[PDB]
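Q: Here's my sequence, what's the structure:
(chains A, B, C, D, E and F, ligands or ions: 1)
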Amino acid sequence: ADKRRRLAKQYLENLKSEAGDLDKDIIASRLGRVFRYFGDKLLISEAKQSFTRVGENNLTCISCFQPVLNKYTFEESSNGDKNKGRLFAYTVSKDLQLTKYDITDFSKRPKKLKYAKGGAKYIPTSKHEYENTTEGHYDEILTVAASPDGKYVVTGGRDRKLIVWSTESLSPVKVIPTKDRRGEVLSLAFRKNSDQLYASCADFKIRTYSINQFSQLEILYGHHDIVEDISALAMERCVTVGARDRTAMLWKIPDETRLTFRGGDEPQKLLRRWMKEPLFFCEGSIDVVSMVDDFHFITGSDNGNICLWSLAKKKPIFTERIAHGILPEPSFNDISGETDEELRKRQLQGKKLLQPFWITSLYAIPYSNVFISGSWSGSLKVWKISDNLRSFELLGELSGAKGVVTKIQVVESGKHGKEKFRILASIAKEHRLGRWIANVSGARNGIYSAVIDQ
Amino acid sequence: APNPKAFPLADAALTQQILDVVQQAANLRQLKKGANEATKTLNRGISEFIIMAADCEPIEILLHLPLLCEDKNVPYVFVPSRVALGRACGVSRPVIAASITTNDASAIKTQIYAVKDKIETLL
Amino acid sequence: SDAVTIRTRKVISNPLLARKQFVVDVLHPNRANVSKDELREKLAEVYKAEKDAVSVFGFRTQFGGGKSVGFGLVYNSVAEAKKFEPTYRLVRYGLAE
Amino acid sequence: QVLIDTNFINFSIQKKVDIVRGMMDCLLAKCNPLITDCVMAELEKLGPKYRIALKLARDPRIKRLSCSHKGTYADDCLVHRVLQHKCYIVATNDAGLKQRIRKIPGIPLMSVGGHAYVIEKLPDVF
Amino acid sequence: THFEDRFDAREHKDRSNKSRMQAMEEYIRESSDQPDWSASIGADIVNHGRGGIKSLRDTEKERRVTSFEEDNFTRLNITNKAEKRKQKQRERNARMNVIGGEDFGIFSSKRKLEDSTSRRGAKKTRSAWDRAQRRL
Amino acid sequence: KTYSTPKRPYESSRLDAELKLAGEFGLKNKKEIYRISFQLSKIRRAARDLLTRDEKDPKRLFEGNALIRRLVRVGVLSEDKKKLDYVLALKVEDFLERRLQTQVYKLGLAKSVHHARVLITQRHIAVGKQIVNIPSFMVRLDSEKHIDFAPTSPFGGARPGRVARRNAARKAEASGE
Ligand SMILES: [Zn+2]
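A: Residues are numbered from 1 along each chain as shown, chains lettered A, B, ... in the order given. Below is the structure in question.
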């Protein structure tokens, strides 16, 4: 095989030996990276932590509208004169209720401004799967995002309808049927400072619309299993992760072209490196994702793995193992239903039946060196990336939450020099999708807030 | 000291292989999911092979299935984690034993036969 | 309902003659090949322009529907539009005889 | 899995075709060539002129399957094998055996002819 | 003396696409592991499935003619002899080689790979000290 | 040519074999069987000459890697069976499996192979994005998970077809008159 690499190098030099610029540049005249590095200025150990519980159960997301003033309009990128540059949190509940919060003041616990709950009369009178225009949701709202131009806010989940709501009246401003039986909306994202809506949908599709004209732009296909999670940035792109297939795929929307990143490492291979030197797991299912710049992104799997990926390579550039940790181990009396303690131990069978924590959500502020992960360890873990962009490290913890983290958002505040960041996470009892979590205590369905400065 | 009665479990590699194939069977209706559904199928005789969790509280209520499996030469494998089996079967709740049934109008036939051999070597 | 989509791809500009350049795809699901005159006016508001100065042409529709290949321009002055356009396009736009 | 006959070995040495190679050319597959124990009897009897066809029938890539029949008739050993099992392809070139196995249904028969080998009753010839 | 000193147009021209040797190109793609820029399924298939998917070469050629439009800003037309010839040939080879979007005439052909490699090929190693220098 | 007549076209074995194949896969011609088997002959011939080329020859090395990987991308070969004796071991029924109408029947969108034939030619099945309507598409892996109904097909989509709507209007006239 060294012969093979020899011949490959031989062909490389052969074709190099066989082998207008200013024109392209002058025409271009005739027509990004990570730029923040403030992942050290944080004061984690003295962060303010607060909690609220909401009367409904099983909240699943948040959408803080953060009004960012333009340099082409200094005053406000938000329309009205009564919103006045405040911060809003949108929370969806398996109680089928959207709730609108004001979170603009970092001293006070967040305050419910408005709400809207859908019961069951919003099921259609016909099973025709085409005409589906009942204005309210009728099942298991699961994902929400709001317009960055302060115009609308849109939810979508298991009732195969993408329903967008007015920001003021909170009326269902438009409804979009997905036109399928299997069209459950799973994830939403906006193109940053745009109106374009990206929707991960579990009939293997990624649908995209313009929201301000309510128009179904363009459709994407391509995963092995359900297209679980999505995220965008400034560029006209998206990155998405399929669940039960171990592929994270990057979509160039207009050229309609994709990049595929797999996993590929092994518990046996980590056995081998430790022989050349504990406990290893299997790369089960790629679940959570956020993209951090236009050249690297980060994905979390089910067996605890946190992976830093560069668009240059295909394999992960930095894998991280069981990071949220190993689960509560099964108790002997309930494993057996038989008296003898040593037999109970023999049924517990040592190291094998252990389980890792999942990676239930993961979010990074763009263009920074920091990202936040959350499992049901009841402990947000905040991580900072080395400036060579080949590794990160555990910056620290926030244990002010408890239970199953579900959705993680940030809000920046203050001027360029001094900045104060609030971390807002929804925590439910269960997972977003099913039940799958057996009797953890101490958790209340609601919102956890943290505020750090500098 | 001797082998416990959960034997045989599977390595992580066999685990992910089996969870893969049981998902795709659940997509295509070759999967009978749950304890007594596996039992009724092993009485009818129409089940390829059996996947039993070993995390279950207790072990015993599904431990009754190796008897029928060894009575009919139908292979069985313990996966480690019952919520991973719920994961793969795609229903919302921990399924302690599922059973992949026989069929031929099957987009996943030879994938199933490969994993069936892998089990029967593991025994 | 209809995402009236003509992607004006291949986006470039030429301020010597003062006109802007762009190719055409037509993404328009459940719609039958939107016509160049309503495209002319729609381009006129999106580029804050003149109903003559808008000028797209030559459209061929891709399979699978909601996709058409064409080739489009816009002038940036009425004199440039009224002098530099060839007369066959002037009569296709119904400005000449 | 191909049951070689004495004729086949002698004609192959005449026409200079490699046994495993030419056979695998003609099938376009992978093939196991089997000399039965009574076929090697017939070679050894036929004797001192064919010391070469013997010495080349004893290649290490020609597996040997034995036989339990008191006697030496290769033709009867082969026909009884085939009439039971129907997992074989019979390589021979004798006229009498060729008509026997052409009346048996389901048994590909294989000949040497001209340059290289030809097949009759496999549909899967190309 | 006497010589010419003229512009080597043919030598300043390229032959890399002539000497490309696709199977080992495929291998060097596997090894150099950059992700591929593949398209989605509807971007693949040709004409309500009347033809195949497309070849990977045909994806490249379409991308390049679309680039001719991208910069050059003009298209082709219905010129009779040339495109009839090319269109016929490419469709015949589509119906005779490509199966499900990948091609096998690459093996039915007769262009060897040793005429590309040739034991270092151009400026080859033909002396023992050259062997010593390349080994060090 | 694009179809080649097999050299003993009328034989007991040939003939009953084609009967089984066309009946089970719902074909309609010896010509369809022949097209598949001809191109299989070319592939397998290539693989055999590759086996003649000795071990560790660079040509055998690189091209064998090429041929295996492109056959697994077509899907007739399986991921863990990467060797040239397996590309020798293939036969016709594997490609005839990978056809499209067999694949619609196997996934389960129809009941019988002839049903799937009529669906695909009826323009209801839509691989990927387009409406495919040729019942020998030779679906790959990615698409063989992506086969399903077209969004304007009245089985998985828009308004019912013309017989249904003339009938519903006919009973509407029945109630009206
Ligand atoms: Zn014998």
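
Q: Kindly export stretch A:73-90 (C-alpha atoms) in PDB.
A: The C-alpha coordinates for stretch A:73-90 follow below in PDB (Å, rounded to 0.1, in the frame of the first residue of the first chain):
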ATOM      1  CA  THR A  73     -30.700  52.800  10.000                       C
ATOM      2  CA  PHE A  74     -29.200  53.800  13.400                       C
ATOM      3  CA  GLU A  75     -32.500  54.200  15.200                       C
ATOM      4  CA  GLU A  76     -34.300  50.800  15.000                       C
ATOM      5  CA  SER A  77     -34.600  47.800  12.800                       C
ATOM      6  CA  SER A  78     -37.800  47.100  14.600                       C
ATOM      7  CA  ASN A  79     -40.900  48.700  13.100                       C
ATOM      8  CA  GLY A  80     -43.000  50.200  15.900                       C
ATOM      9  CA  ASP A  81     -42.500  53.000  18.300                       C
ATOM     10  CA  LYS A  82     -43.900  51.100  21.300                       C
ATOM     11  CA  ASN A  83     -41.600  48.000  21.200                       C
ATOM     12  CA  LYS A  84     -38.600  50.400  21.800                       C
ATOM     13  CA  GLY A  85     -35.800  47.800  21.500                       C
ATOM     14  CA  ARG A  86     -36.800  45.200  24.100                       C
ATOM     15  CA  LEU A  87     -36.200  41.500  24.100                       C
ATOM     16  CA  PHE A  88     -38.800  38.800  23.600                       C
ATOM     17  CA  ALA A  89     -38.900  35.100  24.400                       C
ATOM     18  CA  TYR A  90     -41.300  32.700  22.600                       C
END
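
Q: Please compute how far that stretch lies from its chain's middle.
A: Stretch A:73-90 sits 25 Å away from the centroid of its parent chain (Cα atoms, centre = their mean, to the nearest Å).

Q: Could I get the full set of helices for chain F?
A: For chain F, applying DSSP state H gives helices covering F:12-25, F:30-52, F:58-74, F:84-89, F:92-98, F:100-107, F:113-121, F:141-146, F:162-176.

Q: Find the closest residue to chain C in chain E.
A: With Cβ to the nearest Cβ as the measure, residue E:70 is the residue of chain E nearest to chain C, at 5.2 Å. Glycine gets a C-beta too; all of them are placed from N, C-alpha and C.

Q: how close does that residue sit to chain B?
A: According to Cβ to the nearest Cβ, to the nearest Å, residue E:70 and chain B sit 41 Å apart.

Q: Secondary structure of that residue: a helix, I assume?
A: Yes. Secondary structure assignment places residue E:70 in a helix (DSSP: H, G, I helix; E, B strand; the rest coil).

Q: Now it: closest residue in space, sequence neighbours ignored.
A: Distances taken as Cβ to Cβ, 6 or more residues apart in numbering or on different chains put residue C:10 closest to residue E:70, at 5.2 Å, once the chain neighbours are dropped.

Q: now the strands for chain C?
A: For chain C, the strands defined by DSSP state E cover C:5-7, C:12-14, C:19-27, C:54-61, C:68-75.

Q: after the top strand by length along chain B, next one along is what?
A: In chain B, ranked by residue count with DSSP E as the criterion, the top strand is strand B:47-53. For strand B:47-53, the following helix or strand on the C-terminal side (DSSP states H and E) is helix B:60-63.

Q: which residues are in contact with that following helix?
A: Under the contact criterion Cβ atoms under 8 Å, 6 or more residues apart in numbering or on different chains, helix B:60-63 has outside partners A:336-338, B:5, B:35, B:52-53, B:56, B:96-97.

Q: which residues touch the top helix by length along chain D?
A: Ranked by number of residues, the top helix in chain D under DSSP H is helix D:74-85. If you take Cβ under 8 Å, 6+ apart as the criterion, helix D:74-85 is touched by D:3, D:5-6, D:36, D:38-39, D:41-42, D:67, D:69, D:88, D:90, D:92, D:94, D:96-97, D:100-101, D:104, D:107.

Q: show me what contacts residue D:59?
A: Per Cβ under 8 Å, 6+ apart, neighbours of residue D:59: D:19-20.

Q: coming back round to it: closest one to residue A:106 among the strands of chain C?
A: Set against residue A:106 and scored by Cβ to Cβ, the strands of chain C come closest in strand C:5-7, at 42.2 Å.

Q: how about that closest one, does it get close to chain F?
A: No. Contact of strand C:5-7 with chain F (Cβ under 8 Å from any Cβ of the partner chain) is absent, the minimum separation being 15.5 Å.

Q: Direction included, what does the strand or helix carrying residue A:362 pair against?
A: Using DSSP H and E, residue A:362 maps to strand A:361-363. Applying DSSP bridges, strand A:361-363 is found paired with strand A:370-374 (antiparallel).

Q: Could you dump the strands of chain C into a markdown table and include mean neighbour count?
A: Shown next, in a markdown table, are these (neighbours: other Cβ atoms under 10 Å in any protein chain shown):
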| stretch | mean neighbour count |
| --- | --- |
| strand C:5-7 | 19 |
| strand C:12-14 | 14 |
| strand C:19-27 | 20 |
| strand C:54-61 | 17 |
| strand C:68-75 | 20 |
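
Q: Kindly report the residues of the stretch 51-200 of chain A close to chain E.
A: Within reach of chain E by Cβ under 8 Å from any Cβ, the stretch 51-200 of chain A has no residues at all.

Q: Ok, chain F next?
A: Counting by Cβ under 8 Å from any Cβ, chain F comes close to chain E at F:2, F:39, F:42-43, F:46, F:50, F:58-59, F:62-63, F:65-67, F:69-70, F:73-75, F:98, F:100, F:127-134, F:137-140, F:142-143, F:146.

Q: which among those end up buried?
A: Listed as buried from the residues of chain F next to chain E are F:39, F:42-43, F:46, F:50, F:58-59, F:62-63, F:65-67, F:69-70, F:74-75, F:98, F:100, F:127-134, F:137-140, F:142-143, F:146; burial here means 16 or more other Cβ atoms under 10 Å in any protein chain shown.

Q: Noted, bye for now.
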